[PDB]
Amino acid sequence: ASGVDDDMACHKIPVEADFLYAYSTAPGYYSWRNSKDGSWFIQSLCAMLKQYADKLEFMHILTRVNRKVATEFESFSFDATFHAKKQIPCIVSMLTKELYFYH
């Protein structure tokens, strides 16, 4: 087959390619931080990297972070409006290959 938008003579990639945004929370949502232990997201991200960086591909590590934050944390507040709330991190990948911190 042949077309007007494929197999260019000069190879190019999108200027937005190869970016990965690891957001602590879903679009439009607040993000939680424990004034003593640190943010739920960073706490979890570091714990998962420490345990899996030499074993799993980055997206899989971030997925474990999503599960950890989603299941293990719930806000406590004297203000009913902000009490018993949850959080889910948001992985935004424009990566074009798998990423392993080891080789």
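Start at 1 with the first residue shown and count on from there.
Taking the PDB entry as given, 36-44 carries the higher mean Cα B factor of the two stretches 36-44 and 22-30. Judged by mean Cα B factor in the deposited record, 74-82 ranks above the other of 74-82 and 61-69. Per the PDB record, 9 has a higher Cα B-factor than any other of 88, 95, 92, 9. The entry lists a Cα temperature factor for residue 17 that places it in the lowest third of the chain's modelled residues.
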